[PDB]
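**Q** PDB, C-alpha atoms and all ligand atoms, saved as my_file_6.pdb, coming up:
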ATOM      1  CA  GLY A   1     124.518  39.539 114.015  1.00  0.00           C
ATOM      2  CA  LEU A   2     125.729  41.341 110.867  1.00  0.00           C
ATOM      3  CA  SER A   3     128.731  43.547 109.994  1.00  0.00           C
ATOM      4  CA  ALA A   4     129.378  46.485 107.636  1.00  0.00           C
ATOM      5  CA  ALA A   5     131.440  44.234 105.341  1.00  0.00           C
ATOM      6  CA  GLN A   6     128.607  41.672 105.222  1.00  0.00           C
ATOM      7  CA  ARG A   7     125.875  44.314 104.853  1.00  0.00           C
ATOM      8  CA  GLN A   8     127.839  45.596 101.838  1.00  0.00           C
ATOM      9  CA  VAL A   9     128.364  42.092 100.406  1.00  0.00           C
ATOM     10  CA  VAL A  10     124.586  41.617 100.716  1.00  0.00           C
ATOM     11  CA  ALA A  11     123.675  44.757  98.741  1.00  0.00           C
ATOM     12  CA  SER A  12     126.409  43.867  96.217  1.00  0.00           C
ATOM     13  CA  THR A  13     124.947  40.412  95.470  1.00  0.00           C
ATOM     14  CA  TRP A  14     121.340  41.678  95.298  1.00  0.00           C
ATOM     15  CA  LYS A  15     121.965  44.380  92.666  1.00  0.00           C
ATOM     16  CA  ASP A  16     123.249  41.646  90.316  1.00  0.00           C
ATOM     17  CA  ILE A  17     120.972  38.638  90.938  1.00  0.00           C
ATOM     18  CA  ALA A  18     117.972  40.954  91.445  1.00  0.00           C
ATOM     19  CA  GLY A  19     119.012  43.474  88.765  1.00  0.00           C
ATOM     20  CA  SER A  20     115.808  43.679  86.692  1.00  0.00           C
ATOM     21  CA  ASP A  21     114.301  40.372  87.884  1.00  0.00           C
ATOM     22  CA  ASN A  22     114.476  41.446  91.555  1.00  0.00           C
ATOM     23  CA  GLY A  23     115.300  37.785  92.294  1.00  0.00           C
ATOM     24  CA  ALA A  24     112.939  36.126  89.786  1.00  0.00           C
ATOM     25  CA  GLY A  25     115.438  33.415  88.767  1.00  0.00           C
ATOM     26  CA  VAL A  26     116.367  32.838  92.429  1.00  0.00           C
ATOM     27  CA  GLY A  27     113.221  31.478  94.090  1.00  0.00           C
ATOM     28  CA  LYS A  28     111.913  29.754  90.944  1.00  0.00           C
ATOM     29  CA  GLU A  29     115.059  27.583  90.932  1.00  0.00           C
ATOM     30  CA  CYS A  30     115.061  27.293  94.744  1.00  0.00           C
ATOM     31  CA  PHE A  31     111.375  26.699  95.574  1.00  0.00           C
ATOM     32  CA  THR A  32     111.177  24.229  92.662  1.00  0.00           C
ATOM     33  CA  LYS A  33     113.904  22.101  94.286  1.00  0.00           C
ATOM     34  CA  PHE A  34     112.274  22.492  97.720  1.00  0.00           C
ATOM     35  CA  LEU A  35     108.917  21.351  96.292  1.00  0.00           C
ATOM     36  CA  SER A  36     110.565  18.304  94.674  1.00  0.00           C
ATOM     37  CA  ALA A  37     112.849  17.267  97.562  1.00  0.00           C
ATOM     38  CA  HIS A  38     109.840  18.012  99.797  1.00  0.00           C
ATOM     39  CA  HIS A  39     106.456  16.696  98.602  1.00  0.00           C
ATOM     40  CA  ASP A  40     104.857  17.997 101.826  1.00  0.00           C
ATOM     41  CA  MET A  41     105.213  21.690 100.881  1.00  0.00           C
ATOM     42  CA  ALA A  42     103.988  21.403  97.270  1.00  0.00           C
ATOM     43  CA  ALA A  43     100.282  21.413  98.202  1.00  0.00           C
ATOM     44  CA  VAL A  44     101.227  24.109 100.739  1.00  0.00           C
ATOM     45  CA  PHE A  45     102.714  26.433  98.092  1.00  0.00           C
ATOM     46  CA  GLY A  46      99.999  25.514  95.564  1.00  0.00           C
ATOM     47  CA  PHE A  47     101.884  23.347  93.042  1.00  0.00           C
ATOM     48  CA  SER A  48     101.649  19.720  91.871  1.00  0.00           C
ATOM     49  CA  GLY A  49     105.411  19.145  91.473  1.00  0.00           C
ATOM     50  CA  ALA A  50     108.684  20.890  90.553  1.00  0.00           C
ATOM     51  CA  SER A  51     107.575  21.352  86.924  1.00  0.00           C
ATOM     52  CA  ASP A  52     105.122  24.142  87.828  1.00  0.00           C
ATOM     53  CA  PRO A  53     105.376  27.798  86.813  1.00  0.00           C
ATOM     54  CA  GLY A  54     103.671  28.813  90.084  1.00  0.00           C
ATOM     55  CA  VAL A  55     106.991  28.036  91.799  1.00  0.00           C
ATOM     56  CA  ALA A  56     108.586  30.934  89.890  1.00  0.00           C
ATOM     57  CA  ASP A  57     105.680  33.041  91.210  1.00  0.00           C
ATOM     58  CA  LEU A  58     106.284  32.422  94.935  1.00  0.00           C
ATOM     59  CA  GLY A  59     110.093  32.106  94.891  1.00  0.00           C
ATOM     60  CA  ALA A  60     109.990  35.368  92.895  1.00  0.00           C
ATOM     61  CA  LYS A  61     107.469  37.365  94.960  1.00  0.00           C
ATOM     62  CA  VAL A  62     109.265  36.086  98.082  1.00  0.00           C
ATOM     63  CA  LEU A  63     112.704  37.184  96.809  1.00  0.00           C
ATOM     64  CA  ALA A  64     111.327  40.743  96.598  1.00  0.00           C
ATOM     65  CA  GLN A  65     110.672  40.774 100.372  1.00  0.00           C
ATOM     66  CA  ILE A  66     114.328  39.817 100.850  1.00  0.00           C
ATOM     67  CA  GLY A  67     115.166  42.784  98.595  1.00  0.00           C
ATOM     68  CA  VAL A  68     113.195  45.388 100.573  1.00  0.00           C
ATOM     69  CA  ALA A  69     114.882  43.844 103.629  1.00  0.00           C
ATOM     70  CA  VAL A  70     118.357  44.139 102.046  1.00  0.00           C
ATOM     71  CA  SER A  71     118.059  47.950 102.257  1.00  0.00           C
ATOM     72  CA  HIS A  72     118.001  47.783 106.083  1.00  0.00           C
ATOM     73  CA  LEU A  73     120.047  44.897 107.528  1.00  0.00           C
ATOM     74  CA  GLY A  74     121.435  46.943 110.437  1.00  0.00           C
ATOM     75  CA  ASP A  75     118.112  48.786 110.859  1.00  0.00           C
ATOM     76  CA  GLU A  76     115.820  46.062 112.249  1.00  0.00           C
ATOM     77  CA  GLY A  77     113.186  48.578 113.403  1.00  0.00           C
ATOM     78  CA  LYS A  78     111.161  48.967 110.184  1.00  0.00           C
ATOM     79  CA  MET A  79     112.251  46.502 107.471  1.00  0.00           C
ATOM     80  CA  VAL A  80     111.475  43.890 110.148  1.00  0.00           C
ATOM     81  CA  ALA A  81     107.960  45.319 110.639  1.00  0.00           C
ATOM     82  CA  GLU A  82     106.894  44.336 107.105  1.00  0.00           C
ATOM     83  CA  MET A  83     108.446  40.851 107.296  1.00  0.00           C
ATOM     84  CA  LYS A  84     106.849  40.278 110.719  1.00  0.00           C
ATOM     85  CA  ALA A  85     103.518  40.973 108.987  1.00  0.00           C
ATOM     86  CA  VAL A  86     104.190  38.403 106.239  1.00  0.00           C
ATOM     87  CA  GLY A  87     104.301  35.762 108.992  1.00  0.00           C
ATOM     88  CA  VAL A  88     100.812  36.803 110.139  1.00  0.00           C
ATOM     89  CA  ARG A  89      99.768  36.422 106.487  1.00  0.00           C
ATOM     90  CA  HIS A  90     101.187  32.873 106.337  1.00  0.00           C
ATOM     91  CA  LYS A  91      99.050  32.187 109.447  1.00  0.00           C
ATOM     92  CA  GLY A  92      95.968  31.948 107.186  1.00  0.00           C
ATOM     93  CA  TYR A  93      96.973  31.064 103.606  1.00  0.00           C
ATOM     94  CA  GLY A  94      95.099  28.753 101.197  1.00  0.00           C
ATOM     95  CA  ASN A  95      96.971  25.725 102.601  1.00  0.00           C
ATOM     96  CA  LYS A  96      97.107  26.607 106.319  1.00  0.00           C
ATOM     97  CA  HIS A  97     100.129  24.264 106.427  1.00  0.00           C
ATOM     98  CA  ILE A  98     103.018  26.762 106.626  1.00  0.00           C
ATOM     99  CA  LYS A  99     105.912  26.307 109.077  1.00  0.00           C
ATOM    100  CA  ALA A 100     109.159  28.082 110.019  1.00  0.00           C
ATOM    101  CA  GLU A 101     110.953  24.701 109.945  1.00  0.00           C
ATOM    102  CA  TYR A 102     111.050  24.875 106.128  1.00  0.00           C
ATOM    103  CA  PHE A 103     112.296  28.492 106.202  1.00  0.00           C
ATOM    104  CA  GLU A 104     115.859  27.867 107.464  1.00  0.00           C
ATOM    105  CA  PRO A 105     116.355  24.843 105.215  1.00  0.00           C
ATOM    106  CA  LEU A 106     114.660  26.557 102.253  1.00  0.00           C
ATOM    107  CA  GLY A 107     116.781  29.622 103.114  1.00  0.00           C
ATOM    108  CA  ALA A 108     120.159  27.837 103.009  1.00  0.00           C
ATOM    109  CA  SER A 109     119.274  25.953  99.807  1.00  0.00           C
ATOM    110  CA  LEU A 110     118.274  29.372  98.411  1.00  0.00           C
ATOM    111  CA  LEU A 111     121.806  30.822  98.653  1.00  0.00           C
ATOM    112  CA  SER A 112     123.059  27.843  96.610  1.00  0.00           C
ATOM    113  CA  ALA A 113     120.600  28.774  93.835  1.00  0.00           C
ATOM    114  CA  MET A 114     121.508  32.488  93.773  1.00  0.00           C
ATOM    115  CA  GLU A 115     124.915  31.516  92.335  1.00  0.00           C
ATOM    116  CA  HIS A 116     122.948  30.417  89.242  1.00  0.00           C
ATOM    117  CA  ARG A 117     122.525  34.097  88.304  1.00  0.00           C
ATOM    118  CA  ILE A 118     125.879  35.521  89.458  1.00  0.00           C
ATOM    119  CA  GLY A 119     127.637  32.170  88.938  1.00  0.00           C
ATOM    120  CA  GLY A 120     131.347  32.907  89.465  1.00  0.00           C
ATOM    121  CA  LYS A 121     130.677  36.229  91.227  1.00  0.00           C
ATOM    122  CA  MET A 122     128.955  34.585  94.217  1.00  0.00           C
ATOM    123  CA  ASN A 123     132.066  34.165  96.399  1.00  0.00           C
ATOM    124  CA  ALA A 124     132.113  32.959 100.026  1.00  0.00           C
ATOM    125  CA  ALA A 125     131.479  36.490 101.344  1.00  0.00           C
ATOM    126  CA  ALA A 126     128.410  36.602  99.070  1.00  0.00           C
ATOM    127  CA  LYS A 127     126.853  33.383 100.425  1.00  0.00           C
ATOM    128  CA  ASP A 128     128.090  34.265 103.933  1.00  0.00           C
ATOM    129  CA  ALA A 129     126.837  37.868 103.926  1.00  0.00           C
ATOM    130  CA  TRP A 130     123.430  36.668 102.683  1.00  0.00           C
ATOM    131  CA  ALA A 131     123.594  33.624 104.984  1.00  0.00           C
ATOM    132  CA  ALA A 132     123.758  36.094 107.893  1.00  0.00           C
ATOM    133  CA  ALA A 133     121.224  38.551 106.433  1.00  0.00           C
ATOM    134  CA  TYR A 134     118.611  35.959 105.399  1.00  0.00           C
ATOM    135  CA  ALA A 135     118.632  34.850 109.055  1.00  0.00           C
ATOM    136  CA  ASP A 136     117.263  38.226 110.209  1.00  0.00           C
ATOM    137  CA  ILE A 137     114.992  38.425 107.143  1.00  0.00           C
ATOM    138  CA  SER A 138     113.204  35.083 107.604  1.00  0.00           C
ATOM    139  CA  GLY A 139     113.615  35.039 111.406  1.00  0.00           C
ATOM    140  CA  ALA A 140     111.741  38.371 111.343  1.00  0.00           C
ATOM    141  CA  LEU A 141     108.881  36.765 109.375  1.00  0.00           C
ATOM    142  CA  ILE A 142     108.438  33.849 111.809  1.00  0.00           C
ATOM    143  CA  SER A 143     107.294  36.383 114.434  1.00  0.00           C
ATOM    144  CA  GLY A 144     103.881  37.180 112.918  1.00  0.00           C
ATOM    145  CA  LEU A 145     104.012  33.651 111.449  1.00  0.00           C
ATOM    146  CA  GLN A 146     102.056  30.851 113.224  1.00  0.00           C
ATOM    147  CA  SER A 147      99.823  33.559 114.748  1.00  0.00           C
TER     148      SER A 147
HETATM  149  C1  LIG B 201     109.236  27.406 103.585  1.00  0.00           C
HETATM  150  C2  LIG B 201     108.143  27.949 104.230  1.00  0.00           C
HETATM  151  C3  LIG B 201     107.190  28.660 103.529  1.00  0.00           C
HETATM  152  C4  LIG B 201     106.015  28.193 103.069  1.00  0.00           C
HETATM  153  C5  LIG B 201     105.460  26.827 103.267  1.00  0.00           C
HETATM  154  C6  LIG B 201     105.389  29.284 102.362  1.00  0.00           C
HETATM  155  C7  LIG B 201     104.179  29.189 101.720  1.00  0.00           C
HETATM  156  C8  LIG B 201     103.578  30.202 101.018  1.00  0.00           C
HETATM  157  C9  LIG B 201     102.314  30.074 100.335  1.00  0.00           C
HETATM  158  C10 LIG B 201     101.449  28.862 100.281  1.00  0.00           C
HETATM  159  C11 LIG B 201     102.068  31.264  99.757  1.00  0.00           C
HETATM  160  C12 LIG B 201     100.880  31.628  98.935  1.00  0.00           C
HETATM  161  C13 LIG B 201     100.764  30.776  97.670  1.00  0.00           C
HETATM  162  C14 LIG B 201      99.362  30.248  97.546  1.00  0.00           C
HETATM  163  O1  LIG B 201      98.516  30.953  96.935  1.00  0.00           O
HETATM  164  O2  LIG B 201      99.104  29.127  98.062  1.00  0.00           O
HETATM  165  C15 LIG B 201     103.182  32.120 100.090  1.00  0.00           C
HETATM  166  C16 LIG B 201     103.292  33.428  99.693  1.00  0.00           C
HETATM  167  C17 LIG B 201     104.333  34.266 100.010  1.00  0.00           C
HETATM  168  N1  LIG B 201     105.419  33.901 100.772  1.00  0.00           N
HETATM  169 FE1  LIG B 201     105.790  32.160 101.586  1.00  0.00          FE
HETATM  170  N2  LIG B 201     106.167  30.417 102.392  1.00  0.00           N
HETATM  171  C18 LIG B 201     107.276  30.038 103.112  1.00  0.00           C
HETATM  172  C19 LIG B 201     108.330  30.865 103.405  1.00  0.00           C
HETATM  173  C20 LIG B 201     108.430  32.180 103.028  1.00  0.00           C
HETATM  174  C21 LIG B 201     109.550  33.031 103.352  1.00  0.00           C
HETATM  175  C22 LIG B 201     110.771  32.645 104.113  1.00  0.00           C
HETATM  176  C23 LIG B 201     109.281  34.238 102.819  1.00  0.00           C
HETATM  177  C24 LIG B 201     110.072  35.368 102.890  1.00  0.00           C
HETATM  178  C25 LIG B 201     111.389  35.343 102.477  1.00  0.00           C
HETATM  179  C26 LIG B 201     108.000  34.120 102.164  1.00  0.00           C
HETATM  180  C27 LIG B 201     107.391  35.140 101.477  1.00  0.00           C
HETATM  181  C28 LIG B 201     106.186  35.044 100.824  1.00  0.00           C
HETATM  182  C29 LIG B 201     105.572  36.126 100.095  1.00  0.00           C
HETATM  183  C30 LIG B 201     106.105  37.509  99.934  1.00  0.00           C
HETATM  184  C31 LIG B 201     104.422  35.643  99.588  1.00  0.00           C
HETATM  185  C32 LIG B 201     103.432  36.384  98.755  1.00  0.00           C
HETATM  186  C33 LIG B 201     102.030  36.371  99.368  1.00  0.00           C
HETATM  187  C34 LIG B 201     101.784  37.668 100.086  1.00  0.00           C
HETATM  188  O3  LIG B 201     102.662  38.073 100.895  1.00  0.00           O
HETATM  189  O4  LIG B 201     100.712  38.285  99.843  1.00  0.00           O
HETATM  190  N3  LIG B 201     107.479  32.852 102.296  1.00  0.00           N
HETATM  191  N4  LIG B 201     104.109  31.463 100.865  1.00  0.00           N
END
How does the structure come out when it is put into structure tokens?
**A**
Amino acid sequence: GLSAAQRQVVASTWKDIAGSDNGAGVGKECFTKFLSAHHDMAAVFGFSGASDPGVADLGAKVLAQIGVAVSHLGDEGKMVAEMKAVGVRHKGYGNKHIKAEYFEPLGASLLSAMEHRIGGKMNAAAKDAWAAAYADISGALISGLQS
């Protein structure tokens, strides 16, 4: 599923975009677009539109999970245990309208927003390495999800 070159390209793009923000300006610009393009997930996340600061709260807190998961892409025995739990958490949120169908799509559109921080440094290996790592990150959260 992943390779040493990709695992390295993943930890190399997370130390820059998530330097001190840990991915704060990554989900706020991604979730915001998802909420706008999708008016069915806004009430689910807890926002009224794309002009809501809450978006920067979820897209940010969520990015962190991807960070703790970036320190173990080849080791899917523990970093996947925490993500699997997040799914169980989404099984009873304040909206009870979560779905893994928005994950993939919201995951791909997320890599296009990461370039906003490392614009110019995000090469193909950066979006590809993360495009292969985010698959195991989110895919590992859909397990406990819909519980
Ligand atoms: C696109 C599908 C998703 C939906 C609809 C969704 C929805 C939500 C909602 C509604 C909350 C709580 C906000 C509130 O108070 O209402 C939340 C929290 C959170 N979500 Fe998601 N989420 C999705 C995908 C993800 C993914 C893929 C990750 C992981 C990368 C993730 C990680 C988190 C984290 C870490 C929190 C913080 C809450 C906690 O864990 O205690 N979410 N999500």
**Q** Using the chain letters and numbers from this file, what does the PyMOL selection byres (((not hetatm)) within 8 of (chain B and resi 201)) select? Give the answer as a ChimeraX atom specification.
**A** /A:41,43-46,58-59,61-66,83,86-87,89-90,93-107,134,137-138,141
**Q** Excluding same-chain residues fewer than 6 positions from residue 131 (chain A), what lies within 10 Å of it counting all atoms listed in the file, as a list in words?
**A** residues 2, 6, 10, 104, 107, 108, 110, 111, 124 and 125 of chain A
**Q** Once the PyMOL selection byres (((chain A and resi 24-38) around 6) and not hetatm) has been evaluated on this model, what residues remain selected, and can you format them as a PDB file with C-alpha atoms, keeping the file's coordinate frame?
**A**
ATOM      1  CA  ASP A  21     114.301  40.372  87.884  1.00  0.00           C
ATOM      2  CA  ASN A  22     114.476  41.446  91.555  1.00  0.00           C
ATOM      3  CA  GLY A  23     115.300  37.785  92.294  1.00  0.00           C
ATOM      4  CA  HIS A  39     106.456  16.696  98.602  1.00  0.00           C
ATOM      5  CA  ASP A  40     104.857  17.997 101.826  1.00  0.00           C
ATOM      6  CA  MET A  41     105.213  21.690 100.881  1.00  0.00           C
ATOM      7  CA  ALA A  42     103.988  21.403  97.270  1.00  0.00           C
ATOM      8  CA  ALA A  50     108.684  20.890  90.553  1.00  0.00           C
ATOM      9  CA  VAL A  55     106.991  28.036  91.799  1.00  0.00           C
ATOM     10  CA  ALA A  56     108.586  30.934  89.890  1.00  0.00           C
ATOM     11  CA  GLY A  59     110.093  32.106  94.891  1.00  0.00           C
ATOM     12  CA  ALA A  60     109.990  35.368  92.895  1.00  0.00           C
ATOM     13  CA  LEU A 110     118.274  29.372  98.411  1.00  0.00           C
ATOM     14  CA  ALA A 113     120.600  28.774  93.835  1.00  0.00           C
ATOM     15  CA  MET A 114     121.508  32.488  93.773  1.00  0.00           C
TER      16      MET A 114
END
**Q** So how many Å separate CA of residue 121 (chain A) and CA of residue 82 (chain A), to one decimal?
**A** 29.7 Å
**Q** Given the PyMOL selection byres (((chain A and resi 73-78) around 10) and not hetatm) and the file above, list the residues it selects as an MDAnalysis selection string.
**A** chainID A and resid 1:4 6:8 10:11 68:72 79:84 132:134 136:137 140
**Q** What does the distance between CA of residue 135 (chain A) and CA of residue 92 (chain A) come to in Å, to one decimal place?
**A** 22.9 Å
**Q** Hey, which of A:48, A:13, A:109, A:147 ends up closest to residue 129 (chain A)? Count all atoms listed in the file.
**A**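 Comparing A:48, A:13, A:109, A:147 against residue 129 (chain A), the winner is A:13.
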**Q** Kindly compute an axis-aligned box around the listed atoms of region 84-89 of chain A, allowing 4 Å on each side, and express its centre and edge lengths in Å to one decimal as lines of an AutoDock Vina configuration file.
**A**
center_x = 103.3
center_y = 38.4
center_z = 108.5
size_x = 15.1
size_y = 13.2
size_z = 12.5
**Q** Could you tell me how far CA of residue 142 (chain A) sits from CA of residue 127 (chain A), in Å to one decimal place?
**A**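 So the two atoms, CA of residue 127 (chain A) and CA of residue 142 (chain A), lie 21.7 Å apart.
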**Q** Could you add the missing atoms to region 127-139 of chain A, up to N, CA and C atoms, and return them as a PDB file, in the coordinates of the input?
**A**
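Written output follows (out-v4.pdb):
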ATOM      1  N   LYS A 127     127.763  34.371  99.777  1.00  0.00           N
ATOM      2  CA  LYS A 127     126.853  33.383 100.425  1.00  0.00           C
ATOM      3  C   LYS A 127     126.893  33.574 101.943  1.00  0.00           C
ATOM      4  N   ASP A 128     127.993  34.050 102.461  1.00  0.00           N
ATOM      5  CA  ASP A 128     128.090  34.265 103.933  1.00  0.00           C
ATOM      6  C   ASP A 128     127.318  35.528 104.311  1.00  0.00           C
ATOM      7  N   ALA A 129     127.558  36.602 103.616  1.00  0.00           N
ATOM      8  CA  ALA A 129     126.837  37.868 103.926  1.00  0.00           C
ATOM      9  C   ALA A 129     125.330  37.624 103.844  1.00  0.00           C
ATOM     10  N   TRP A 130     124.886  36.948 102.819  1.00  0.00           N
ATOM     11  CA  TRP A 130     123.430  36.668 102.683  1.00  0.00           C
ATOM     12  C   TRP A 130     123.029  35.594 103.695  1.00  0.00           C
ATOM     13  N   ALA A 131     123.921  34.691 103.998  1.00  0.00           N
ATOM     14  CA  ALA A 131     123.594  33.624 104.984  1.00  0.00           C
ATOM     15  C   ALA A 131     123.367  34.261 106.356  1.00  0.00           C
ATOM     16  N   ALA A 132     123.941  35.411 106.582  1.00  0.00           N
ATOM     17  CA  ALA A 132     123.758  36.094 107.893  1.00  0.00           C
ATOM     18  C   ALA A 132     122.598  37.086 107.788  1.00  0.00           C
ATOM     19  N   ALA A 133     122.341  37.582 106.610  1.00  0.00           N
ATOM     20  CA  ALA A 133     121.224  38.551 106.433  1.00  0.00           C
ATOM     21  C   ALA A 133     119.900  37.793 106.318  1.00  0.00           C
ATOM     22  N   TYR A 134     119.873  36.738 105.550  1.00  0.00           N
ATOM     23  CA  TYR A 134     118.611  35.959 105.399  1.00  0.00           C
ATOM     24  C   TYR A 134     118.135  35.487 106.773  1.00  0.00           C
ATOM     25  N   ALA A 135     119.040  35.305 107.696  1.00  0.00           N
ATOM     26  CA  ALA A 135     118.632  34.850 109.055  1.00  0.00           C
ATOM     27  C   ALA A 135     117.723  35.904 109.691  1.00  0.00           C
ATOM     28  N   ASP A 136     118.104  37.150 109.611  1.00  0.00           N
ATOM     29  CA  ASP A 136     117.263  38.226 110.209  1.00  0.00           C
ATOM     30  C   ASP A 136     116.035  38.466 109.328  1.00  0.00           C
ATOM     31  N   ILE A 137     116.151  38.212 108.054  1.00  0.00           N
ATOM     32  CA  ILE A 137     114.992  38.425 107.143  1.00  0.00           C
ATOM     33  C   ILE A 137     113.904  37.396 107.454  1.00  0.00           C
ATOM     34  N   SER A 138     114.218  36.138 107.322  1.00  0.00           N
ATOM     35  CA  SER A 138     113.204  35.083 107.604  1.00  0.00           C
ATOM     36  C   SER A 138     112.872  35.069 109.098  1.00  0.00           C
ATOM     37  N   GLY A 139     113.871  35.059 109.937  1.00  0.00           N
ATOM     38  CA  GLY A 139     113.615  35.039 111.406  1.00  0.00           C
ATOM     39  C   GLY A 139     112.645  36.165 111.769  1.00  0.00           C
TER      40      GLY A 139
END
